[PDB]
file upload.pdb (PDB, C-alpha atoms (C1' of nucleotides) and all ligand atoms)
ATOM      1  CA  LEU O   1       0.000   0.000   0.000
ATOM      2  CA  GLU O   2       1.134   3.538  -0.734
ATOM      3  CA  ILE O   3      -0.199   6.815   0.711
ATOM      4  CA  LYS O   4       0.460  10.430  -0.329
ATOM      5  CA  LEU O   5      -0.502  12.312   2.843
ATOM      6  CA  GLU O   6      -1.172  16.051   2.566
ATOM      7  CA  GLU O   7       0.980  18.692   4.238
ATOM      8  CA  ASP O   8      -1.797  20.175   6.390
ATOM      9  CA  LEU O   9      -4.598  17.629   6.886
ATOM     10  CA  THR O  10      -5.144  14.031   5.843
ATOM     11  CA  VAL O  11      -8.327  12.106   6.632
ATOM     12  CA  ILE O  12      -8.469   8.329   6.161
ATOM     13  CA  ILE O  13     -11.930   6.778   5.861
ATOM     14  CA  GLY O  14     -13.341   3.346   5.173
ATOM     15  CA  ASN O  15     -15.254   0.462   6.657
ATOM     16  CA  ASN O  16     -14.292  -1.361   9.833
ATOM     17  CA  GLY O  17     -11.150  -3.456   9.567
ATOM     18  CA  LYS O  18      -9.807  -1.688   6.469
ATOM     19  CA  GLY O  19      -6.522  -0.591   8.041
ATOM     20  CA  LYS O  20      -6.804   3.058   9.115
ATOM     21  CA  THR O  21      -5.641   2.316  12.658
ATOM     22  CA  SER O  22      -2.880   0.203  11.101
ATOM     23  CA  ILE O  23      -1.701   3.223   9.094
ATOM     24  CA  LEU O  24      -1.735   5.477  12.158
ATOM     25  CA  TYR O  25       0.073   2.789  14.170
ATOM     26  CA  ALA O  26       2.787   2.517  11.509
ATOM     27  CA  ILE O  27       3.218   6.302  11.368
ATOM     28  CA  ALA O  28       3.490   6.452  15.165
ATOM     29  CA  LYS O  29       6.092   3.671  15.146
ATOM     30  CA  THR O  30       8.047   5.680  12.577
ATOM     31  CA  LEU O  31       7.822   8.898  14.622
ATOM     32  CA  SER O  32       8.951   7.131  17.801
ATOM     33  CA  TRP O  33      12.465   6.992  16.330
ATOM     34  CA  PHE O  34      12.468  10.767  15.830
ATOM     35  CA  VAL O  35      11.285  11.225  19.419
ATOM     36  CA  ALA O  36      13.820   8.754  20.828
ATOM     37  CA  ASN O  37      16.759  10.300  18.985
ATOM     38  CA  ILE O  38      15.656  13.789  20.005
ATOM     39  CA  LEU O  39      15.669  12.626  23.632
ATOM     40  CA  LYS O  40      18.913  10.630  23.508
ATOM     41  CA  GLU O  41      21.888  10.187  21.194
ATOM     42  CA  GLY O  42      21.487   6.860  19.434
ATOM     43  CA  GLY O  43      18.205   6.183  21.198
ATOM     44  CA  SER O  44      16.072   3.285  20.009
ATOM     45  CA  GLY O  45      12.454   3.850  19.024
ATOM     46  CA  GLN O  46       9.572   1.426  18.784
ATOM     47  CA  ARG O  47       9.725  -1.544  16.420
ATOM     48  CA  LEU O  48       7.203  -3.561  14.441
ATOM     49  CA  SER O  49       5.794  -6.622  16.186
ATOM     50  CA  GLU O  50       6.908 -10.027  14.926
ATOM     51  CA  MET O  51       3.713 -11.686  16.213
ATOM     52  CA  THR O  52       0.858  -9.604  14.757
ATOM     53  CA  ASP O  53       2.213  -7.014  12.300
ATOM     54  CA  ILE O  54       3.419  -9.353   9.538
ATOM     55  CA  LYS O  55       0.637 -10.258   7.117
ATOM     56  CA  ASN O  56      -0.693 -13.671   8.022
ATOM     57  CA  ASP O  57      -0.771 -15.042   4.452
ATOM     58  CA  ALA O  58       2.344 -13.274   3.161
ATOM     59  CA  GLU O  59       4.823 -15.581   1.421
ATOM     60  CA  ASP O  60       8.010 -13.643   2.350
ATOM     61  CA  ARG O  61       7.313 -13.677   6.138
ATOM     62  CA  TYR O  62       8.478 -10.086   6.751
ATOM     63  CA  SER O  63       6.920  -6.619   6.756
ATOM     64  CA  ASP O  64       8.179  -3.155   5.818
ATOM     65  CA  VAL O  65       6.977   0.336   6.747
ATOM     66  CA  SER O  66       8.777   2.888   4.569
ATOM     67  CA  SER O  67       8.353   6.624   5.103
ATOM     68  CA  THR O  68       9.694   9.829   3.575
ATOM     69  CA  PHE O  69       9.802  13.093   5.518
ATOM     70  CA  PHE O  70      10.147  16.655   4.235
ATOM     71  CA  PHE O  71      12.062  19.331   6.160
ATOM     72  CA  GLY O  72      12.342  22.137   3.623
ATOM     73  CA  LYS O  73      14.196  22.522   0.354
ATOM     74  CA  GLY O  74      17.554  21.884   2.038
ATOM     75  CA  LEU O  75      16.352  18.466   3.263
ATOM     76  CA  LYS O  76      13.711  17.217   0.832
ATOM     77  CA  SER O  77      13.771  13.506   1.713
ATOM     78  CA  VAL O  78      14.325  11.735   5.036
ATOM     79  CA  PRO O  79      13.690   8.045   4.245
ATOM     80  CA  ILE O  80      13.151   5.710   7.200
ATOM     81  CA  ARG O  81      12.118   2.057   6.944
ATOM     82  CA  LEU O  82      10.899  -0.092   9.840
ATOM     83  CA  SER O  83      11.123  -3.823   9.178
ATOM     84  CA  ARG O  84      10.528  -7.007  11.146
ATOM     85  CA  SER O  85      10.702 -10.663  10.170
ATOM     86  CA  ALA O  86       8.115 -13.138  11.404
ATOM     87  CA  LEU O  87       8.696 -15.241  14.505
ATOM     88  CA  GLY O  88      10.817 -18.317  13.868
ATOM     89  CA  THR O  89      12.348 -17.104  10.595
ATOM     90  CA  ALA O  90      16.045 -17.755  10.015
ATOM     91  CA  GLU O  91      16.551 -14.642   7.866
ATOM     92  CA  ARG O  92      15.930 -11.379   9.727
ATOM     93  CA  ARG O  93      15.268  -7.992   8.134
ATOM     94  CA  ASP O  94      16.972  -4.806   9.310
ATOM     95  CA  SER O  95      15.508  -1.316   9.698
ATOM     96  CA  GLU O  96      16.975   1.700   7.884
ATOM     97  CA  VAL O  97      16.609   4.339  10.606
ATOM     98  CA  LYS O  98      19.854   6.273  10.063
ATOM     99  CA  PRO O  99      18.396   9.415   8.366
ATOM    100  CA  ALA O 100      15.891   9.931  11.184
ATOM    101  CA  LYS O 101      18.733   9.627  13.682
ATOM    102  CA  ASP O 102      20.688  12.204  11.667
ATOM    103  CA  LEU O 103      17.815  14.708  11.582
ATOM    104  CA  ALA O 104      17.119  14.271  15.297
ATOM    105  CA  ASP O 105      20.850  14.613  16.006
ATOM    106  CA  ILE O 106      20.767  17.935  14.158
ATOM    107  CA  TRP O 107      17.769  19.043  16.224
ATOM    108  CA  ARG O 108      19.240  17.974  19.575
ATOM    109  CA  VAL O 109      22.788  19.277  19.017
ATOM    110  CA  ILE O 110      21.575  22.644  17.714
ATOM    111  CA  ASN O 111      19.165  22.875  20.658
ATOM    112  CA  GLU O 112      21.957  22.221  23.159
ATOM    113  CA  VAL O 113      24.121  25.066  21.897
ATOM    114  CA  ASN O 114      21.214  27.507  21.431
ATOM    115  CA  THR O 115      17.600  26.800  22.363
ATOM    116  CA  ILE O 116      15.426  26.143  19.304
ATOM    117  CA  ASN O 117      11.785  25.233  18.798
ATOM    118  CA  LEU O 118      11.314  21.472  18.676
ATOM    119  CA  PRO O 119       8.687  19.514  16.713
ATOM    120  CA  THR O 120       5.728  17.894  18.438
ATOM    121  CA  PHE O 121       4.891  14.263  17.695
ATOM    122  CA  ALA O 122       1.679  12.977  19.261
ATOM    123  CA  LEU O 123      -0.578   9.948  18.825
ATOM    124  CA  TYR O 124      -4.139   9.815  20.181
ATOM    125  CA  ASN O 125      -5.405   6.267  19.646
ATOM    126  CA  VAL O 126      -8.590   4.626  20.913
ATOM    127  CA  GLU O 127      -6.501   3.802  24.006
ATOM    128  CA  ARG O 128      -7.453   7.258  25.332
ATOM    129  CA  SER O 129     -10.833   7.937  27.012
ATOM    130  CA  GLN O 130      -9.970   5.829  30.063
ATOM    131  CA  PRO O 131     -11.444   7.158  33.366
ATOM    132  CA  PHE O 132      -9.387   9.987  35.006
ATOM    133  CA  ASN O 133      -8.855  10.188  38.779
ATOM    134  CA  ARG O 134      -6.256  12.468  40.361
ATOM    135  CA  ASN O 135      -4.111   9.486  41.453
ATOM    136  CA  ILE O 136      -0.770  10.836  40.289
ATOM    137  CA  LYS O 137       1.326  12.283  43.120
ATOM    138  CA  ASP O 138       4.782  10.645  43.211
ATOM    139  CA  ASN O 139       4.593  10.239  39.428
ATOM    140  CA  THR O 140       8.269  10.161  38.808
ATOM    141  CA  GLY O 141       9.616  12.583  36.242
ATOM    142  CA  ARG O 142       9.397  16.431  36.612
ATOM    143  CA  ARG O 143       6.707  18.010  34.417
ATOM    144  CA  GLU O 144       8.406  21.451  34.118
ATOM    145  CA  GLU O 145      11.477  19.902  32.571
ATOM    146  CA  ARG O 146      11.271  20.805  28.908
ATOM    147  CA  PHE O 147      11.901  17.330  27.496
ATOM    148  CA  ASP O 148       8.989  15.909  29.502
ATOM    149  CA  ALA O 149       6.826  16.871  26.503
ATOM    150  CA  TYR O 150       8.139  13.742  24.740
ATOM    151  CA  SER O 151       7.225  11.324  27.552
ATOM    152  CA  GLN O 152       4.601   8.762  26.469
ATOM    153  CA  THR O 153       3.693  11.135  23.644
ATOM    154  CA  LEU O 154       3.066   8.323  21.122
ATOM    155  CA  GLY O 155       1.515   5.772  23.486
ATOM    156  CA  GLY O 156      -2.028   6.507  22.333
ATOM    157  CA  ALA O 157      -3.404   8.004  25.546
TER     158      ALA O 157
ATOM    159  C1'  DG E   1      27.965  -9.336   9.836
ATOM    160  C1'  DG E   2      27.317  -7.330  14.282
ATOM    161  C1'  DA E   3      31.549  -4.734  19.897
ATOM    162  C1'  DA E   4      29.223  -2.845  23.602
ATOM    163  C1'  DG E   5      25.388  -0.232  25.455
ATOM    164  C1'  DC E   6      20.866  -0.149  25.816
ATOM    165  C1'  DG E   7      16.140  -0.213  25.273
ATOM    166  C1'  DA E   8      11.615  -2.294  23.070
ATOM    167  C1'  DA E   9       8.493  -6.213  23.295
ATOM    168  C1'  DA E  10       6.499  -9.957  25.299
ATOM    169  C1'  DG E  11       5.916 -13.487  28.851
ATOM    170  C1'  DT E  12       5.908 -15.000  33.749
ATOM    171  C1'  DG E  13       6.096 -14.840  38.735
ATOM    172  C1'  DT E  14       5.003 -12.325  43.031
ATOM    173  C1'  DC E  15       3.144  -9.905  46.403
ATOM    174  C1'  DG E  16       0.200  -6.795  48.618
ATOM    175  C1'  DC E  17      -4.728  -5.520  49.085
ATOM    176  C1'  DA E  18      -9.538  -6.527  49.482
ATOM    177  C1'  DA E  19     -13.056  -9.561  50.634
ATOM    178  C1'  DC E  20     -14.687 -12.917  53.381
ATOM    179  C1'  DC E  21     -14.699 -16.594  57.170
ATOM    180  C1'  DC E  22     -14.291 -18.267  61.722
ATOM    181  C1'  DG E  23     -13.393 -18.778  66.592
ATOM    182  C1'  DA E  24     -13.105 -15.753  71.208
ATOM    183  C1'  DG E  25     -14.863 -12.574  74.137
ATOM    184  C1'  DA E  26     -17.319  -8.870  77.037
ATOM    185  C1'  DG E  27     -21.590  -8.951  78.332
ATOM    186  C1'  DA E  28     -27.712  -6.653  76.302
ATOM    187  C1'  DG E  29     -31.622  -7.616  77.799
ATOM    188  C1'  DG E  30     -33.847  -8.210  82.310
ATOM    189  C1'  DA E  31     -33.471 -11.605  85.679
ATOM    190  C1'  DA E  32     -30.828 -16.072  83.632
ATOM    191  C1'  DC E  33     -27.800 -17.306  79.913
ATOM    192  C1'  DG E  34     -25.704 -15.422  76.561
ATOM    193  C1'  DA E  35     -27.598 -11.401  71.736
ATOM    194  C1'  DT E  36     -24.515  -8.895  69.188
ATOM    195  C1'  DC E  37     -20.738  -6.407  67.691
ATOM    196  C1'  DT E  38     -15.817  -6.422  67.588
ATOM    197  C1'  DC E  39     -10.573  -8.531  67.791
ATOM    198  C1'  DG E  40      -7.361 -11.388  65.994
ATOM    199  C1'  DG E  41      -5.776 -14.500  62.760
ATOM    200  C1'  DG E  42      -6.213 -17.085  58.520
ATOM    201  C1'  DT E  43      -7.312 -18.091  53.495
ATOM    202  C1'  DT E  44      -8.087 -17.039  48.668
ATOM    203  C1'  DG E  45      -8.519 -14.457  44.478
ATOM    204  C1'  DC E  46      -6.784 -11.022  41.710
ATOM    205  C1'  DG E  47      -4.347  -7.633  39.221
ATOM    206  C1'  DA E  48      -0.714  -4.236  38.995
ATOM    207  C1'  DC E  49       3.873  -4.425  38.543
ATOM    208  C1'  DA E  50       8.549  -6.138  38.903
ATOM    209  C1'  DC E  51      11.493  -9.419  36.884
ATOM    210  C1'  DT E  52      13.189 -12.388  32.787
ATOM    211  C1'  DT E  53      14.197 -13.417  28.082
ATOM    212  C1'  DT E  54      14.965 -12.357  23.340
ATOM    213  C1'  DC E  55      15.902  -9.164  19.572
ATOM    214  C1'  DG E  56      17.942  -5.572  17.218
ATOM    215  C1'  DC E  57      20.599  -1.072  16.268
ATOM    216  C1'  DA E  58      25.255  -0.948  13.837
ATOM    217  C1'  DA E  59      31.720   0.242  16.371
ATOM    218  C1'  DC E  60      35.406  -1.405  13.315
ATOM    219  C1'  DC E  61      36.835  -2.642   8.246
ATOM    220  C1'  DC E  62      40.324  -7.070   8.569
ATOM    221  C1'  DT E  63      47.373  -7.468   5.399
ATOM    222  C1'  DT E  64      45.219  -6.882   0.628
ATOM    223  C1'  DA E  65      43.149   1.077  -2.225
ATOM    224  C1'  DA E  66      44.657   5.038  -5.460
ATOM    225  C1'  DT E  67      45.627   9.817  -5.361
ATOM    226  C1'  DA E  68      45.027  15.269 -13.090
ATOM    227  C1'  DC E  69      39.523  17.481 -13.090
ATOM    228  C1'  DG E  70      34.194  16.494 -13.338
ATOM    229  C1'  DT E  71      29.405  13.985 -13.259
ATOM    230  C1'  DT E  72      26.878   8.107 -12.808
ATOM    231  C1'  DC E  73      26.487   3.463 -10.315
TER     232       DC E  73
ATOM    233  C1'   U Y   1      -3.553  28.781  -6.883
ATOM    234  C1'   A Y   2       0.306  25.774  -5.777
ATOM    235  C1'   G Y   3       4.419  22.864  -7.522
ATOM    236  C1'   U Y   4       7.689  22.177 -11.482
ATOM    237  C1'   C Y   5      10.777  23.650 -16.048
ATOM    238  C1'   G Y   6      14.580  27.636 -17.053
ATOM    239  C1'   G Y   7      15.763  31.922 -21.086
ATOM    240  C1'   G Y   8      17.687  36.737 -18.966
ATOM    241  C1'   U Y   9      19.566  40.192 -15.351
ATOM    242  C1'   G Y  10      22.282  39.721 -10.792
ATOM    243  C1'   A Y  11      30.333  40.882  -7.194
ATOM    244  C1'   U Y  12      26.124  35.733  -8.886
ATOM    245  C1'   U Y  13      24.447  28.921  -5.194
ATOM    246  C1'   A Y  14      20.629  34.444  -2.995
ATOM    247  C1'   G Y  15      17.263  37.880  -4.909
ATOM    248  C1'   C Y  16      14.255  39.613  -9.084
ATOM    249  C1'   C Y  17      11.993  39.738 -14.888
ATOM    250  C1'   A Y  18       9.865  37.283 -19.055
ATOM    251  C1'   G Y  19       8.087  32.652 -20.851
ATOM    252  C1'   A Y  20       6.187  27.517 -20.284
ATOM    253  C1'   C Y  21       4.282  22.581 -18.161
ATOM    254  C1'   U Y  22       0.582  19.763 -14.999
ATOM    255  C1'   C Y  23      -0.185  10.576 -15.666
ATOM    256  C1'   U Y  24      -3.205  10.957  -7.717
ATOM    257  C1'   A Y  25       2.970  11.189  -8.350
ATOM    258  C1'   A Y  26      11.534  13.139  -8.062
ATOM    259  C1'   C Y  27      13.502  12.880  -3.487
ATOM    260  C1'   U Y  28      20.111  14.981  -7.490
ATOM    261  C1'   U Y  29      22.923  10.109  -5.484
ATOM    262  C1'   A Y  30      29.212   7.167  -5.341
ATOM    263  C1'   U Y  31      35.747   6.000  -5.248
ATOM    264  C1'   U Y  32      40.829   5.172  -5.898
ATOM    265  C1'   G Y  33      36.746   0.649  -9.327
ATOM    266  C1'   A Y  34      33.863   0.521 -14.423
ATOM    267  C1'   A Y  35      32.477   3.366 -18.357
ATOM    268  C1'   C Y  36      31.807   8.684 -20.142
ATOM    269  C1'   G Y  37      33.609  13.862 -20.846
ATOM    270  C1'   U Y  38      38.111  16.840 -20.428
ATOM    271  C1'   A Y  39      43.331  17.853 -19.783
ATOM    272  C1'   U Y  40      48.463  16.249 -20.234
ATOM    273  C1'   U Y  41      49.840  13.047 -23.611
TER     274        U Y  41
HETATM  275  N1  LIG O 201      -1.287  -9.808  10.592
HETATM  276  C1  LIG O 201      -2.443  -9.621   9.942
HETATM  277  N2  LIG O 201      -2.696 -10.370   8.848
HETATM  278  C2  LIG O 201      -3.846 -10.188   8.197
HETATM  279  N3  LIG O 201      -4.839  -9.338   8.473
HETATM  280  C3  LIG O 201      -4.565  -8.611   9.561
HETATM  281  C4  LIG O 201      -3.416  -8.684  10.338
HETATM  282  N4  LIG O 201      -3.477  -7.780  11.386
HETATM  283  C5  LIG O 201      -4.634  -7.189  11.221
HETATM  284  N5  LIG O 201      -5.346  -7.644  10.140
HETATM  285  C6  LIG O 201      -6.655  -7.178   9.703
HETATM  286  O1  LIG O 201      -6.578  -5.776   9.542
HETATM  287  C7  LIG O 201      -7.704  -5.122  10.159
HETATM  288  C8  LIG O 201      -7.214  -4.253  11.289
HETATM  289  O2  LIG O 201      -8.192  -3.231  11.559
HETATM  290  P1  LIG O 201      -7.770  -1.718  11.717
HETATM  291  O3  LIG O 201      -6.455  -1.468  11.098
HETATM  292  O4  LIG O 201      -7.873  -1.326  13.189
HETATM  293  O5  LIG O 201      -8.930  -0.963  10.944
HETATM  294  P2  LIG O 201      -9.934   0.234  11.237
HETATM  295  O6  LIG O 201      -9.225   1.507  11.469
HETATM  296  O7  LIG O 201     -10.789   0.263   9.902
HETATM  297  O8  LIG O 201     -10.867  -0.214  12.361
HETATM  298  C9  LIG O 201      -8.677  -6.229  10.563
HETATM  299  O9  LIG O 201      -9.698  -6.412   9.590
HETATM  300  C10 LIG O 201      -7.774  -7.457  10.711
HETATM  301  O10 LIG O 201      -8.463  -8.652  10.356
END
call {"tool": "encode", "arguments": {"input": "upload.pdb", "output": "structure tokens"}}
result
Amino acid sequence: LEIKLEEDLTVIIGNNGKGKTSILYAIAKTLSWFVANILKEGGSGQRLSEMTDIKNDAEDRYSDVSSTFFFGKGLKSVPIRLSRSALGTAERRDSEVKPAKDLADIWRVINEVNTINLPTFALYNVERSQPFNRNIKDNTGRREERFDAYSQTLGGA
DNA sequence: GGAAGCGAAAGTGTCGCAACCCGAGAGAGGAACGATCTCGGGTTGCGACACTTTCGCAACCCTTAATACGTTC
RNA sequence: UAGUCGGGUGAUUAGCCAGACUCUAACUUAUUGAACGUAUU
């Protein structure tokens, strides 16, 4: 499948079980690498599942999620591919996540020397809308700290 | 292909809390014996969370290269 | 309208001017090796 998302707004529609949540899940998995490498140097983002993400009746027994990002005319293409081979397969498939690491390294290093505005990556799945009680006192982490805005930002809730 | 670090992802054990049960006990009433509510352990079920295992990113570039100037793989 | 092509000007990778295009739709890449162009030769 191939998608040509718009710059400002993209709306995916269809029946139930057509793969819209799959597309959003793949995009969030791709963006987790940007978030992880913004937070840490060489940080590891989320990866495709080897139990449920590979097509059940695929012959190859691996799955790919390729993406291309645009960051202006000076950086027109940032290709990142997330791959996973099925469970119990001798040949494993690697992920090409180097360009995302490079872009996030640029962001983080430039931010360290002089504060710059950082991009916001957020996923709001169906996993939200759970009840909300004010049960969060010792929640460990410091909410004023600037880089707390990336904590659990692609979890869904 | 894959050091060395490290973290994601998934599975499994564990451990504390709630909920209930069950015997002991002081003693309500009203004229005695012991109702009824509570104290102290004890058991079980359950679910959040800690702990455990596996995978994967990607150093280096091996003895072993050539060195007019430019694109391309 | 975007986006793209690029003839001119421009101490010139920028800015501007004229013109043109539009399959749902470029993202310019790699040496010393191979071939191509060029120079010595
Ligand atoms: N590994 C798989 N192999 C084959 N089909 C799958 C696999 N994983 C999910 N599906 C199918 O893809 C659909 C997933 O639904 P989803 O992406 O949430 O769609 P929606 O947004 O329309 O509700 C289901 O119809 C499910 O049967």
call {"tool": "axis_aligned_box", "arguments": {"input": "upload.pdb", "around": "ligand LIG 201 (chain O)", "padding_each_side": "6 Å", "output": "lines of an AutoDock Vina configuration file"}}
result
center_x = -6.1
center_y = -4.4
center_z = 10.7
size_x = 21.6
size_y = 23.9
size_z = 17.0
call {"tool": "atom_distance", "arguments": {"input": "upload.pdb", "atom1": "atom CA of residue O:44", "atom2": "atom CA of residue O:29"}}
result
11.1 Å
call {"tool": "residues_near_ligand", "arguments": {"input": "upload.pdb", "ligand": "ligand LIG 201 (chain O)", "cutoff": "8 Å", "atoms": "all atoms listed in the file", "output": "PyMOL selection string"}}
result
chain O and resi 13-23+51-57
call {"tool": "closest_residue", "arguments": {"input": "upload.pdb", "among": "Y:36, Y:20, Y:25, Y:30", "to": "residue Y:5", "atoms": "only C-alpha atoms (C1' of nucleotides)"}}
result
Y:20
call {"tool": "residues_around", "arguments": {"input": "upload.pdb", "residues": "residue E:40", "least_positions_apart": "2", "cutoff": "12 Å", "atoms": "all atoms listed in the file", "output": "PyMOL selection string"}}
result
chain E and resi 22-25+38+42
call {"tool": "closest_residue", "arguments": {"input": "upload.pdb", "among": "O:28, O:87, O:3, O:11", "to": "chain E", "atoms": "all atoms listed in the file"}}
result
O:87
call {"tool": "resolve_selection", "arguments": {"input": "upload.pdb", "expression": "the PyMOL selection byres ((chain Y) within 12 of (chain O and not hetatm))", "output": "list in words"}}
result
residues 24, 25, 26, 27 and 28 of chain Y
call {"tool": "write_last_selection", "arguments": {"input": "upload.pdb", "atoms": "C-alpha atoms (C1' of nucleotides)", "output": "PDB file, keeping the file's coordinate frame"}}
result
ATOM      1  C1'   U Y  24      -3.205  10.957  -7.717  1.00  0.00           C
ATOM      2  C1'   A Y  25       2.970  11.189  -8.350  1.00  0.00           C
ATOM      3  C1'   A Y  26      11.534  13.139  -8.062  1.00  0.00           C
ATOM      4  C1'   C Y  27      13.502  12.880  -3.487  1.00  0.00           C
ATOM      5  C1'   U Y  28      20.111  14.981  -7.490  1.00  0.00           C
TER       6        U Y  28
END
call {"tool": "interface_residues", "arguments": {"input": "upload.pdb", "of": "chain O", "to": "chain E", "cutoff": "9 Å", "atoms": "all atoms listed in the file", "output": "list in words"}}
result
residues 42, 43, 44, 45, 46, 47, 49, 94, 95 and 97 of chain O
call {"tool": "atom_distance", "arguments": {"input": "upload.pdb", "atom1": "atom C1' of residue E:41", "atom2": "atom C1' of residue E:19"}}
result
15.0 Å
call {"tool": "closest_residue", "arguments": {"input": "upload.pdb", "among": "E:28, E:66, E:21, E:59", "to": "residue E:2", "atoms": "only C-alpha atoms (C1' of nucleotides)"}}
result
E:59
